[PDB]
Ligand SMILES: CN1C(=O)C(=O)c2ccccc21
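We begin with a single chain expressed as structure tokens, specifically the form deposited without this ligand.
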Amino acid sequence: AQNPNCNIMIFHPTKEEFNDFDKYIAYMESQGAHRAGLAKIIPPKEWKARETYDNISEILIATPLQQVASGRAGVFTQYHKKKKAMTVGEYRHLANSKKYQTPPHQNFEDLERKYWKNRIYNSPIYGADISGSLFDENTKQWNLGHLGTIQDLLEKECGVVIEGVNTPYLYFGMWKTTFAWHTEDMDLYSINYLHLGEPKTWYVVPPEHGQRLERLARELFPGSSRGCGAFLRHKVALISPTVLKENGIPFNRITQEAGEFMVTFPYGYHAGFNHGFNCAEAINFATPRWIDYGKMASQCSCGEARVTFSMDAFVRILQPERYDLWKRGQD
């Protein structure tokens, strides 16, 4: 069995290997990359996402989110308070202000220490989940706006044509902006490209051990767990690496820098934080190997998780027994 310790693998495809996206994912899996739940892909030196980032300041962040924490430093939830619209130029200036800017630090490990010690005492503002793309239309390789759709994959594997669309999302971050522990909708893959700015630190639990994280989370968030049998779908719970280690949960960590891709694999729980002002693009995708994960994915039906239009068909075709109850949650 390849990668039996479930380590995060880093890949350096050549320009020739970067042509065929599906083939390269399957290659990474042949080497055991999926066992970690997360892989890093460094593009060939010949590749670029677009020519420059000099002209992005007028993008609108219609609903910036202030991430307010509750709990203790290593075990907390966050809620998202909606703020007034602002441009990416306005958000960048806010991120660099004395109130929000990255503190002085020695290295990524010092900054990680500072994150976990102090995150709860601040409320950073995240520009998340903005439909759009920063890839140039002429970028032919690993262009996250031109990937094969999940609807087309389901149709190719299973024979059933379904409604829905699959487009990317932009994320504008600042110091301490946080992504809570989650797997993707319907335990899909995700791919994330860090276009510009400061790094993003990731934590990940191997898919084979995801239920260990779930059991810990039920213990640590006992009210939330009574409310919903899949409350990590709400994307609000944080658990620190120190707490994970104290409870014997297998995990790994890695820092993504500008110009690098990360892929998350089906049922790979992940969480993390941004180091300073940055912009990332991400989208969900599927392969043949996803189908079995999609059929078994948990679902939130309490009403909280509320998701995209295209999840309807995935539930309806892959999980017809759950469909009625899940759809009640959506209405």
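Residue numbers here begin at 1 and follow the sequence given.
One more form of this protein, deposited with this ligand bound, exists but is not displayed; see below.
- Overlaying this ligand from its position in the bound PDB entry puts 3 or more ligand atoms within 2.4 angstroms of backbone or C-beta atoms here, which marks the pocket as blocked.
- Although the partner is absent here, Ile41 lies well away from this ligand in the bound PDB entry, with no heavy atom inside 4.5 Å.
- Heavy atoms closer than or equal to 4.5 Å to this ligand in the bound PDB entry belong, across 289-311, to the residues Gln299, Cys300, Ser301, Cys302, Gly303, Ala305, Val307, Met311, ordered by sequence position.
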